[PDB]
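1. opening piece of a complex, kept in its complex position:
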Amino acid sequence: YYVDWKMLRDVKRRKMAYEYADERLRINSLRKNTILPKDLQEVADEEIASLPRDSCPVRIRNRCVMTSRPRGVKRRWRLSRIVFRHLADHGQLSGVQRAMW
Amino acid sequence: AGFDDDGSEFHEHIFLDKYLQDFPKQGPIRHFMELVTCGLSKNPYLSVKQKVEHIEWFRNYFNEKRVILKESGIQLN
Amino acid sequence: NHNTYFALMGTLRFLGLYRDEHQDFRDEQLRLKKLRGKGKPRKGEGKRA
Amino acid sequence: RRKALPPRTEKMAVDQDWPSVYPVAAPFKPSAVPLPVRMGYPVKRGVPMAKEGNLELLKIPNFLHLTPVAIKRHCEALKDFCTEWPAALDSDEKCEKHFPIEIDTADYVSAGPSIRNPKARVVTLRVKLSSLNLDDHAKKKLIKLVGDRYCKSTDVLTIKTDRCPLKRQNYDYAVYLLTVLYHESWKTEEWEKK
């Protein structure tokens, strides 16, 4: 299984964002411009709204990989602030040490 | 090592004006598509076929939506 | 792929290569609970029956 | 039934070639090292731990395969693959007169399954404008055409290309940019009269 149902849903959110990333990337070019008339922009707005909800990368939440904690997770290690300590104080990550200056 | 990018060169990536012939030259369509061409030329992440597919998507979208461009007041083909 | 992780670990455990102490602890605790008399009810007889 | 075999220490010859025992990178197995080494923080009444089962001796990288003897033995056989450097290009003054164009290409290494590094696509081209055949108006036009990429104090034009994915494609784009700039620096159009 996964860590939590929240993480299971977030995986599907990321998958749907990767699936419909091209369509939104092509449609937003019709809205974020000022050369083309607004008549087609108002239609492109409805078209991109007709897309499924989980297709936008905005619903993607950066959780942890080990415990799927919704907050307090570094972006480089993708680990929670507590699992990162539990591993660093064990010494399974190179270069990490107690800051002493 | 192990990635040849289909043996393409810089003229297949940067110079993409060859795919904008099926568009009105003096209309706003060229003004809109020059930005897409510059963005695709400044994108080392995508290949040539994906940029061709984007150009074709725009072509068929604009060719399917013919009533909106005629209603907007600017004559487009 | 946490699903791949769990499936690989469980298949190895059932084939006799991996020995998951946590899963063995869960199974021992469930065995002791069912021996004591409080197990998992069958689906469909918990509320009505 | 348990069997205890003595290590190689009792069989190591004092004149034995060490690269023969440690040719490549090894995890520092104490069974093949006849040197008694003690690593670790000692005790108030004790001594540093022995080499047997010492985790700190496996934590640290070993250079036992890169002793000076092995370094010389390996570098002696590498004289066949290399070529001779031209002694007529020791000073950079003649190097600039002969090969004025400098091509900076970045290459990175990293341990792991992936090799692709997006920092490797950048290609720099440095050209000294004092080694070309531009005229006065051509140089004055090239300055305003390249903008800030030309250092007036150093008299060097720097073109940093990153638009092409492949490094060879960026190199071709850089040489095309140099060619098209050298060609356009001479064309006097209608707007240059005003």
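-> That came in fine, so what should we check first? Residues are numbered from 1 along each chain as shown, chains lettered A, B, ... in the order given.
2. now the residue in chain B positioned nearest to chain C: phi and psi?
-> The minimum distance from chain B to chain C, using C-beta to the nearest C-beta, falls at residue B:2 (23.7 Å). For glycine as for every other residue, the C-beta is placed from the backbone atoms N, C-alpha and C. Main-chain torsions, residue B:2, degrees, to the nearest 10: phi 100, psi 0.
3. how many residues are close by it?
-> 5 (other C-beta atoms under 10 Å in any protein chain shown).
4. same check, this time on residue D:128
-> For residue D:128, using other C-beta under 10 Å, the count is 15.
5. next, count neighbours for the residue in chain B positioned nearest to chain A.
-> Going by C-beta to the nearest C-beta, chain A is nearest to residue B:72 of chain B, at 4.4 Å. Look at residue B:72: counted by other C-beta under 10 Å, it has 15 neighbours.
6. wait, it sits on residue A:39?
-> Yes: counting by C-beta atoms under 8 Å, residue B:72 touches residue A:39, with 5.0 Å between them.
7. tell me where chain C has helices.
-> Ranges of helices within chain C are C:2-15, C:21-36, based on DSSP state H.
8. how about the first one: buried residues?
-> By that I understand helix C:2-15. Judged by neighbour count (16 or more other C-beta atoms under 10 Å in any protein chain shown), helix C:2-15 contains no buried residues.
9. which elements pack onto it?
-> For helix C:2-15, not one helix or strand is in contact under the criterion 3 or more C-beta pairs under 8 Å, 6 or more residues apart in numbering or on different chains; DSSP states H and E.
10. helix C:21-36 and that one, what's the angle between them?
-> For helix C:2-15 against helix C:21-36, the angle by axes from the mean of the first three to the mean of the last three C-alpha atoms, to 10 degrees is 70 degrees.
11. picking up where we left off before, excluding residues flanking it in the chain, which one is nearest the residue of chain B closest to chain A?
-> residue A:37 (4.4 Å; C-beta to C-beta, 6 or more residues apart in numbering or on different chains).
12. residue contacts, the residue of chain B closest to chain C?
-> residue D:115 (C-beta atoms under 8 Å, 6 or more residues apart in numbering or on different chains).
13. which residues sit in contact with the residue nearest the centre of chain B?
-> With distances taken as C-alpha atoms, centre = their mean, residue B:55 lies nearest the centre of chain B, 3.4 Å away. By C-beta under 8 Å, 6+ apart, the contact list for residue B:55 reads B:16, B:19-20, B:36, B:40.
14. please slot chain E in as well:
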Amino acid sequence: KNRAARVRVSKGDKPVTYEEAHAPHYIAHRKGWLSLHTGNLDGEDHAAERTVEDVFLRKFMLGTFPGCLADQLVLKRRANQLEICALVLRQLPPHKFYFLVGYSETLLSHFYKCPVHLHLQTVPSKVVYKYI
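-> Just below you will find chain E, in place on the chains above:
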């Protein structure tokens, strides 16, 4: 009181290893890192891709060699091939040790799409550093 990676003081009879005998504030001072790679550098990337594979192997080897593994693993990462150094007790027969090392070198390599080396060092018992 700090508890992270710190074993508390018993009556004076428990055997502790050189790693557990040092508080977490001794990393890079007296004890070294159990894992070596490039992801934990300044201008480098792939910090989590190696960390998840490190934790997975920490669990995999612990499940593969149960009761006979003395200390933690040494996970070196050098030029596309990863080395796993282990301190194992000589409880299992050599045939069963070779079976497992040959199974691991062929399973983990195909599971992570990278060459794996597995080095085993047999100790008679857990080496005790402090009081025992």
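15. so, the buried residues of helix C:2-15 revisited with chain E in the model?
-> Buried, per 16+ other C-beta under 10 Å, within helix C:2-15: C:8-9, C:12.
16. which element is residue A:93 on?
-> Using DSSP states H and E, residue A:93 sits within no helix or strand.
17. end-to-end on stretch D:102-118?
-> The straight-line separation of the ends of stretch D:102-118 (C-alpha to C-alpha, to the nearest Å) is 22 Å.
18. which parts of that stretch are buried?
-> For stretch D:102-118, by 16+ other C-beta under 10 Å, it's D:110-113.
19. for chain D, see how far away residue C:16 is.
-> Residue C:16 is 24 Å from chain D, where distance means C-beta to the nearest C-beta, to the nearest Å.
20. the residue of chain E at minimum distance from chain C: how many residues sit nearby?
-> As assessed by C-beta to the nearest C-beta, chain C sits closest to residue E:63 within chain E, at 4.5 Å. By the measure other C-beta under 10 Å, the count of residues near residue E:63 is 19.
21. so it sits in a helix?
-> Yes: the assignment for residue E:63 (DSSP: H, G, I helix; E, B strand; the rest coil) places it in a helix.
22. nearest residue to it other than its sequence neighbours?
-> residue C:18 (4.5 Å).
23. test my guess that residue D:101 contacts residue D:127.
-> Yes: counting by C-beta under 8 Å, residue D:127 is a contact partner of residue D:101 at 5.4 Å.
24. the two - which one has more neighbours?
-> Legend: neighbour count by other C-beta under 10 Å for residue D:101 and residue D:127, higher for residue D:127 (21 against 13).
25. all helices of chain E, in order?
-> E:47-64, E:94-112.
26. which strands or helices does the last one pack on?
-> For helix E:94-112, the contact count by 3+ C-beta pairs under 8 Å, 6+ apart identifies helix E:47-64, strand E:116-123 as packing neighbours.
27. just the helices of chain E: most buried one?
-> helix E:47-64 (a mean of 19; mean count of other C-beta atoms under 10 Å in any protein chain shown).
28. relative orientation of that helix and helix C:21-36 in degrees?
-> Using the same axes, to 10 degrees, helix E:47-64 lies at 60 degrees relative to helix C:21-36.
29. need the contact partners of helix E:47-64.
-> A:65-66, A:76-79, A:87, A:92-93, C:5, C:9, C:12, C:17-21, D:112, D:114, E:35, E:37, E:39-40, E:69, E:72-73, E:75, E:77, E:84, E:86, E:100, E:104, E:108, E:112.
30. add chain F to the structure above, sequence below:
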Amino acid sequence: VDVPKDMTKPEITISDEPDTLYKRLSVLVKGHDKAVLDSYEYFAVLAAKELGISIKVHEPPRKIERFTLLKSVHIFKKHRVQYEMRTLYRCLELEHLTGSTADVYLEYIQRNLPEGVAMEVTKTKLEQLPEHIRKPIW
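-> Below is chain F, added to the chains above:
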């Protein structure tokens, strides 16, 4: 006493294509500790003096990344835990190298490169002029 005989059998051919020349080969080695970097510097110097490379080695400044996290689990913000990541640099400046020499040197270096360090290679590829710039008139 029992030494193998006829152990040399390489495949080296001389191609008619002119070898590429290089002005400066910069090697930026980043690591965590200084002992590995010093051993690697000694190894590189020993490998370069045999080949006649005249390597210039200087120590670039270090870079330390520090980050602060909470100390307890649920609610304790006045007490923190700060972690540090050091990065020590070594600059190997090679000059007057050829294509084959640079290839064999980089091979012999990256084959024995340690596990705890990374290396960035910056090459100064020498070239005189392309064909459309020597003396063209539009």
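31. go back to the buried residues of stretch D:102-118, now with chain F?
-> D:102-106, D:108-113, D:117.
32. please list which of the residues you listed are also close to chain E.
-> Among the buried residues of stretch D:102-118, proximity to chain E is found for D:109-113, D:117 (C-beta under 8 Å from any C-beta of the partner chain).
33. out of these, which is nearest to residue D:14?
-> residue D:111 (36.6 Å; C-beta to C-beta).
34. relative to residue A:87, how far out is that closest one?
-> According to C-beta to C-beta, to the nearest Å, residue D:111 and residue A:87 sit 19 Å apart.
35. what do you get for residue C:46?
-> From residue C:46 to residue A:87 the distance is 41 Å (C-beta to C-beta).
36. more neighbours: which of those two?
-> Neighbours were counted for residue C:46 and for residue A:87 using other C-beta under 10 Å; residue A:87 has more, 22 against 9.
37. wait, that one sits on residue A:81?
-> No: using C-beta under 8 Å, residue A:87 is not in contact with residue A:81; the gap is 11.3 Å.
38. could you report the neighbour count for residue 32?
-> Using chain A here. 8.
39. nope, chain E
-> For residue E:32, using other C-beta under 10 Å, the count is 23.
40. mind listing what it touches?
-> So residue E:32 contacts A:91, D:56, D:59-60 (C-beta under 8 Å, 6+ apart).
41. just residue D:115 next, same as before
-> Residue D:115 neighbours (C-beta under 8 Å, 6+ apart): B:1-2, E:80.
42. as a quick check, tell me the outermost residue of chain F.
-> Relative to the chain centroid, chain F (C-alpha atoms, centre = their mean) has residue F:75 farthest, 46.4 Å.
43. center of chain F - which residue?
-> residue F:27 (3.5 Å).
44. now that one: closest residue in space, sequence neighbours ignored.
-> According to C-beta to C-beta, 6+ apart, the nearest residue to residue F:27 is residue F:92 (3.7 Å).
45. gap between that neighbour and chain B?
-> 23 Å.
46. neighbouring strands - and their directions - for whichever strand or helix holds that residue?
-> Take DSSP H and E as the rule and residue F:92 turns out to sit in strand F:80-98. Looking at strand F:80-98 with DSSP bridges, its partner strands are strand A:96-98 (antiparallel), strand F:21-31 (antiparallel), strand F:56-58 (antiparallel), strand F:63-70 (antiparallel).
47. any chance you could map the helices in chain B?
-> B:10-13, B:28-41, B:48-64, B:67-71.
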